[PDB]
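Visitor: my complex, part one, positions kept as in the full thing:
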Amino acid sequence: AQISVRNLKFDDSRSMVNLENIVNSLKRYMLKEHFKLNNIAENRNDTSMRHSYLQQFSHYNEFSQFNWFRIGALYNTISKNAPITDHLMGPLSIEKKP
């Protein structure tokens, strides 16, 4: 059972979403990319038909527009079980105490 699962490879135009579909769906977080400023909504195209809505995502044309903060919250909050802390400075607090 597990032998077949592990042996199978990826990047062969797999049914629902491939690597390109995965990355463009990740780019789908356009709540600020153009929705907020340009006010232009995605052009809706109305198993393989599910990825027809992701072709237009390849028009990033720049970096700063995309919302990196949101994904930065997805990670370190949802997954990774992040034990993040403040990391307060110690050397400033230490006293010589001669």
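Guide: Sure thing, it's come through. Residues are numbered from 1 along each chain as shown, chains lettered A, B, ... in the order given.
Visitor: and residue A:57, how many neighbours?
Guide: Other residues lying near residue A:57 total 19 when counted by other CB atoms under 10 Å. For every residue, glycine as well, the C-beta is placed using N, CA and C.
Visitor: do the same with residue A:4
Guide: Neighbourhood size, residue A:4 [other CB under 10 Å]: 7.
Visitor: what's the helix or strand for it?
Guide: Using DSSP states H and E, residue A:4 falls within helix A:2-7.
Visitor: beyond that helix, next helix or strand please.
Guide: Following helix A:2-7 toward the C-terminus (DSSP H and E): helix A:19-26.
Visitor: buried set for that next one?
Guide: By neighbour count with 16 or more other CB atoms under 10 Å, helix A:19-26 contains the buried residues A:21, A:24.
Visitor: helix or strand right after that helix?
Guide: Going down the chain from helix A:19-26, the next helix or strand is helix A:68-73, by DSSP H and E.
Visitor: mind exporting the C-alpha coordinates of that next one to CSV?
Guide: Extracted in CSV, the C-alpha atoms of helix A:68-73 (Å, rounded to 0.1, in the frame of the first residue of the first chain):
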residue,chain,number,x,y,z
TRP,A,68,3.6,38.9,2.2
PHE,A,69,2.4,39.7,5.8
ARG,A,70,-0.7,37.5,5.5
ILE,A,71,1.3,34.4,4.5
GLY,A,72,3.8,35.4,7.1
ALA,A,73,0.9,34.9,9.6
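Visitor: tell me what that helix is packed against?
Guide: Using 3 or more CB pairs under 8 Å, 6 or more residues apart in numbering; DSSP states H and E as the contact definition, helix A:68-73 packs against no other helix or strand.
Visitor: throw chain B on there as well:
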Amino acid sequence: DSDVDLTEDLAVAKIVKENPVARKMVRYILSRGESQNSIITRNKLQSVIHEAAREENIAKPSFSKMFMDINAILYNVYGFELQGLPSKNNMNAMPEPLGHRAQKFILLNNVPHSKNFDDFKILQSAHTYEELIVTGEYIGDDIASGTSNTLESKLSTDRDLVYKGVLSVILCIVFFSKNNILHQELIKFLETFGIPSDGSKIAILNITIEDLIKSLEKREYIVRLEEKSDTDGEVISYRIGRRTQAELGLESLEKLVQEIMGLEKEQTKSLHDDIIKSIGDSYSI
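Guide: Next up, chain B placed on what we already have:
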């Protein structure tokens, strides 16, 4: 049942009181494991244990007992646990975490993630992004104010947030690329996000792409494969480090990928096995 919590607090208080060096060791671990957000080695643990015992002149406690006490106290107050890390040579040659004999460790909070509170987390983190860099600007001396985080906000730094987002997208690219991607190919895909590939420092992080990848490797998120070859040159491919394997679980990755594409929970079927098929042998399990 209700008194279980209180008796556990009393027990951990007795343990830490009887083991004063445990407090110092927990402080040092919680500090060093985050100063660089890197892995901690068994040799370093042994050295710090001996140094603390000699300084406090108390009999050197057993390593297993110290490890158990640290894990218990962290679970009680911080919820953190020092889960074991499989040896890096296992892949290059359910597994219970050999904490008593694992070579390396890393802090990890064991509190189970809820279903929708993380939604509030991400909403608070991302709400202000529209005004942090509105019109392509940025906070700092370049503007007359620096209180864009208000008195306080969940955005935290906005320097580590972008770093974590880049890490997540890099892992997503690598995980589903048959857990093997060439360095040049990785740069090519990353260029689709607008990151300068000419060597110029990126805007938010202020770090070059090559330096960013070097830091990522130094933090053990991804391990470089220096497959030197005369015909193909010094081709380098990136694998998933053991840190991510013991840090990004299969269920956590499934939830992440599901909520990136925003598919309804009803159609979660055929996804758990699909993700396992796509990842392949990225995990030593």
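Visitor: now that chain B has been added, could you go back to what packs on helix A:68-73?
Guide: helix B:117-127, helix B:129-132, helix B:160-176 (3 or more CB pairs under 8 Å, 6 or more residues apart in numbering or on different chains; DSSP states H and E).
Visitor: looking at these, which one is packed in the most?
Guide: Most buried of those, by mean neighbour count (mean count of other CB atoms under 10 Å in any protein chain shown): helix B:160-176, with a mean of 22.
Visitor: re earlier: the helix holding residue A:4 close to chain B?
Guide: Yes. On the criterion CB under 8 Å from any CB of the partner chain, helix A:2-7 is in touch with chain B at A:5-6.
Visitor: chain center to that helix, what's the gap?
Guide: 28 Å (CA atoms, centre = their mean, to the nearest Å).
Visitor: could you find the closest non-adjacent residue to the residue in chain A positioned nearest to chain B?
Guide: Nearest residue of chain A to chain B: residue A:63, at 2.8 Å (CB to the nearest CB). Excluding the flanking residues, the one nearest residue A:63 by CB to CB, 6 or more residues apart in numbering or on different chains is residue B:194, at 2.8 Å.
Visitor: contacts only, for the one you found.
Guide: A:60-64, A:66 (CB atoms under 8 Å, 6 or more residues apart in numbering or on different chains).
Visitor: out of those, flag the one nearest to residue B:107.
Guide: Using CB to CB, residue A:66 is the member of these that lies nearest residue B:107, at 30.5 Å.
Visitor: and the closest one, what does it touch?
Guide: Each residue near residue A:66 by CB under 8 Å, 6+ apart is listed here: A:27, A:29-30, A:32-33, A:60, B:193-194.
Visitor: just checking, the residue of chain A closest to chain B touches residue B:203?
Guide: Yes. Residue A:63 sits in contact with residue B:203 when judged by CB atoms under 8 Å, with a separation of 6.8 Å.
Visitor: and then chain C:
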Amino acid sequence: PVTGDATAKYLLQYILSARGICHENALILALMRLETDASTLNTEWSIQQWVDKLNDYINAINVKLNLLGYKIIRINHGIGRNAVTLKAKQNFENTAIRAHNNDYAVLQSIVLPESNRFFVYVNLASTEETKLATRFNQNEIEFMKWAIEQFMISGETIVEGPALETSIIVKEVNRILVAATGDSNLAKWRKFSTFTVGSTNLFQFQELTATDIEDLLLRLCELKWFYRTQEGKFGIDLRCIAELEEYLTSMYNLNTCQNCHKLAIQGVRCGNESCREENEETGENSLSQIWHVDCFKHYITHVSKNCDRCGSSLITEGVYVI
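Guide: Following on from the chains above, chain C is added here:
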């Protein structure tokens, strides 16, 4: 630790994931947002009951961490009342759904405007022989020490012109003054006390270059240590004084507020010339007689409206401190 200790874990994680400083209204919102799963609906609860439960949880966490060498101190901000409540367009909880400044409330409709105290995460071990490693190397630690030196040194001034910058503190002070009495006369005393003066003076530092100093200070502000006012001047944030309450009060003699166990850096500092005793060389409330905005409002409103420092009039009072 079936369900009860999970709430404590989540509250600690939320308070400690905000770089150690976060807003009490945010803590209450998070506590509701968490308990909504503990006991189903979680609707038969009052705001005062929520605050009491949050205080009990914080006390439990504080007693737990005290033996571990950590504490969660509650420190009142220099600003108070609706001035801190406004934040950025009051509390966050257009063409896109992202604009929800006044939506997605925890209940159908609930507001928590009252807000006066901040929660901070610090450690009480002043020596701290264990936690020496830090992302900041000795050079920027020395830079931090020198900067804080200048921030507290700049608090003493001889005279300032009648140029009232429209800051968020001065407006609240004027609001309190008019609330006490709507005279609207020339009671706005001209003298300015500034503990937050960024005027390229820091760039005069020697060891580090201008670009490195700029980057380091930007990172420090990003870590919620030094805050930049609208005019472009630098100032230490609430967390900075919260962590260094003993260090600032020990290595210098900065006057304490009306509270006998708390420190103040912004508000009103009458001073005049009848300072207590003589100290060494400085006066103007060198040793005591300083008040926060909320403390100032409490003291003026209640009995003894006139300052107790040998007696003074409200006209000579109101020495704005920034």
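Visitor: once more on the contacts of residue B:194, this time with chain C?
Guide: A:60-64, A:66 are the contacts of residue B:194 under CB under 8 Å, 6+ apart.
Visitor: nearest spatial neighbour of the residue in chain C that chain B sits nearest to, skipping sequence neighbours?
Guide: Taking CB to the nearest CB as the measure, chain C has residue C:228 as its residue closest to chain B, at 2.9 Å. Of all residues beyond its chain neighbours, the one nearest residue C:228 is residue B:146 (2.9 Å), with distances taken as CB to CB, 6+ apart.
Visitor: the one you found - how many residues pack around it?
Guide: Here the number of neighbours of residue B:146 (other CB atoms under 10 Å in any protein chain shown) works out to 23.
Visitor: just to be sure, it is in a helix?
Guide: No. Applying DSSP: H, G, I helix; E, B strand; the rest coil, one finds residue B:146 to be coil, outside a helix.
Visitor: how near is it to residue C:213?
Guide: In this view, residue B:146 and residue C:213 are 15 Å apart by CB to CB, to the nearest Å.
Visitor: what of residue B:178?
Guide: Counting by CB to CB, the gap from residue B:178 to residue C:213 is 47 Å.
Visitor: strands along the stretch 1-150 of chain B, start to end?
Guide: Here the stretch 1-150 of chain B has its strands, by DSSP state E, counting those that start in this stretch, at B:40-41, B:80-85, B:104-109.
Visitor: where does chain B get nearest to chain C, residue-wise?
Guide: For chain B, CB to the nearest CB, closest residue to chain C: residue B:146, 2.9 Å.
Visitor: which ones are touching that residue?
Guide: Contact analysis of residue B:146 by CB under 8 Å, 6+ apart lists B:139-140, C:221, C:227-228.
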